[PDB]
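Undergrad: Handing you this structure, nothing more for now.
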Amino acid sequence: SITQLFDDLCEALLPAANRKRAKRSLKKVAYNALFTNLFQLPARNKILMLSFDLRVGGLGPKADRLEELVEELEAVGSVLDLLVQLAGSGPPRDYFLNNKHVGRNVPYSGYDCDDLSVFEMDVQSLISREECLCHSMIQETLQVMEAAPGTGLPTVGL
Amino acid sequence: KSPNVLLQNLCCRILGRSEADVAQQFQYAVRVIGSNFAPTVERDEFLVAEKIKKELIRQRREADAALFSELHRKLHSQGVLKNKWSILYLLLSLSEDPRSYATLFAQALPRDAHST
Amino acid sequence: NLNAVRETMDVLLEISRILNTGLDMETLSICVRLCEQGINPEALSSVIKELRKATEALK
Amino acid sequence: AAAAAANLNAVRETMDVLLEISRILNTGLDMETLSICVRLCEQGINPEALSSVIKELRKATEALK
């Protein structure tokens, strides 16, 4: 049902509410764009090149997880080759973290000051989020409260 | 290029293979290089120089210890190299003697004293 | 077999979640089954990025 | 033009001097491999980490030979 699997795909990406002619026109954009590439390298390596860029900017264990799944997905190759193409298109606690004070046999470390320095940035981002909200909540409504009479109002636009 | 694609050329130079063949080693090279990217010791080419002379003198090769001093100046004469400490720190490590204790002698500073 | 092809499809969602791909659960089974036909995946990367483009012009 | 050819000369010089320091130190590197390790060290990378890798891939190419 390859002629239908493109028809069901065009429904999901259609945002819910003419919804009867847009699907007819969006199926054109699906075909008008599918045959441009057709007119005109291993698989796991492309993940590692993205695994590297993970570890550099921190978040090591997540990168050790991305490789943990592709190792069990072996025991389909063309599917992961599609996900690596859309890697950047997406939209933008645990106390048993470092916590040298809990464990069975925790090894000697001495002060770190590189875990407490990335434990105050975990808090500084919190107070900087709940402050942009109050900057994006008093702005979205004062831009309407003070304007020309009848701009932001939809009933006056009739 | 980027360091991630560049690390794979290295695994194809040392091991003679194609990138579709050798992918277990390149999985081990991303593990070590990554999470160990930032330099850990204060960088100075002076200290690394006085350790490549001290090493070529120790092999009774006192003539090449004074030739390196003339090759290390030319590097500064041309000026296309930004980090001269790194490439010497590496060339010294891969050095083999054609034919003990190191907590007594001069070691690089730790960078832990500073608030990195 | 449907128990196996469910697990193999469930693991594949996570590697598409941490890779920050916008594919939700429904569009994934559509694309997995469509890639399972034999279409070249280098082209599917363009239709999804364009369907999402013309979708934004409406809003 | 000219400033794009004067840079290709000042790089073939330095890549020829670093090959001299490489042989008097008896590193097993050659002119092709050494140009990879220089590029990496320009972006900023731990030479204590990068040299552990080369000391390993050269240590595994023998188990296969």
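Chain labels follow the order of the structure tokens: the first chain is A, the next B, and so on; residue numbering restarts at 1 in every chain, and ligands are counted from 1 in their shown order.
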Residues of chain B no more than 9 Å from chain D, counting only C-alpha atoms: send them over as a ChimeraX atom specification.

TA: /B:2-3,6-7,9-11,13-16,25,28-29,32-33,36-40,52,56,64,68,71-72,74-75,78-84,86-98

Undergrad: Neighbours of region 14-21 of chain A within 12 Å (only C-alpha atoms; same-chain residues fewer than 2 positions away dropped), as a list in words?

TA: residues 7, 8, 9, 10, 11, 12, 23, 24, 25, 26, 27 and 28 of chain A; 27, 48, 51, 52, 53, 54, 55, 56, 57, 58 and 59 of chain C

Undergrad: Using only C-alpha atoms, please write the residues we just selected to a file, as a PDB file, in the first residue's frame.

TA:
```pdb
ATOM      1  CA  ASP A   7      -1.716   9.265   2.238  1.00  0.00           C
ATOM      2  CA  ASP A   8      -1.662   8.349   5.935  1.00  0.00           C
ATOM      3  CA  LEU A   9       1.626  10.210   6.404  1.00  0.00           C
ATOM      4  CA  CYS A  10       0.041  13.365   4.984  1.00  0.00           C
ATOM      5  CA  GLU A  11      -2.719  13.108   7.606  1.00  0.00           C
ATOM      6  CA  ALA A  12      -0.516  12.988  10.711  1.00  0.00           C
ATOM      7  CA  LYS A  23      -4.666  17.088   2.026  1.00  0.00           C
ATOM      8  CA  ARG A  24      -5.114  17.068  -1.758  1.00  0.00           C
ATOM      9  CA  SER A  25      -2.631  19.929  -2.145  1.00  0.00           C
ATOM     10  CA  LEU A  26      -0.164  18.683   0.474  1.00  0.00           C
ATOM     11  CA  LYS A  27       0.030  15.328  -1.308  1.00  0.00           C
ATOM     12  CA  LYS A  28       1.459  17.375  -4.183  1.00  0.00           C
TER      13      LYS A  28
ATOM     14  CA  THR C  27       4.722   9.039  12.068  1.00  0.00           C
ATOM     15  CA  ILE C  48       9.260  15.340   5.982  1.00  0.00           C
ATOM     16  CA  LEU C  51       5.674  18.726   4.692  1.00  0.00           C
ATOM     17  CA  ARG C  52       6.660  20.373   7.973  1.00  0.00           C
ATOM     18  CA  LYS C  53       7.565  23.502   5.995  1.00  0.00           C
ATOM     19  CA  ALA C  54       4.282  23.922   4.115  1.00  0.00           C
ATOM     20  CA  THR C  55       2.475  23.086   7.362  1.00  0.00           C
ATOM     21  CA  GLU C  56       4.050  26.135   9.012  1.00  0.00           C
ATOM     22  CA  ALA C  57       2.873  28.521   6.279  1.00  0.00           C
ATOM     23  CA  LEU C  58      -0.700  27.781   7.378  1.00  0.00           C
ATOM     24  CA  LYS C  59       0.008  28.842  10.971  1.00  0.00           C
TER      25      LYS C  59
END
```

Undergrad: One decimal, in Å: what's the spacing between CA of residue 12 (chain C) and CA of residue 69 (chain A)?

TA: 8.1 Å

Undergrad: Would you give me, as a PyMOL selection string, the residues in region 7-111 of chain A that DSSP reads as alpha helix (DSSP H)?

TA: chain A and resi 7-12+22-39+45-56+60-72+77-83

Undergrad: For CA of residue 43 (chain C) and CA of residue 77 (chain A), determine how far apart the two atoms are, in Å to one decimal place.

TA: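 Spanning CA of residue 43 (chain C) to CA of residue 77 (chain A) is a straight-line distance of 15.6 Å.
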
Undergrad: Only residues of chain A matter here; which ones have an atom within 6 Å of chain C, counting only C-alpha atoms? Give them as a list in words.

TA: residues 30, 33, 34, 37, 82, 86, 87, 89 and 90 of chain A

Undergrad: Could you name the residues that touch residue 34 (chain B) at 8 Å or less, counting only C-alpha atoms, but leaving out those on the same chain fewer than 3 positions away, as JSON, numbers by chain?

TA: {"A": [52, 55, 56], "B": [30, 31, 37]}
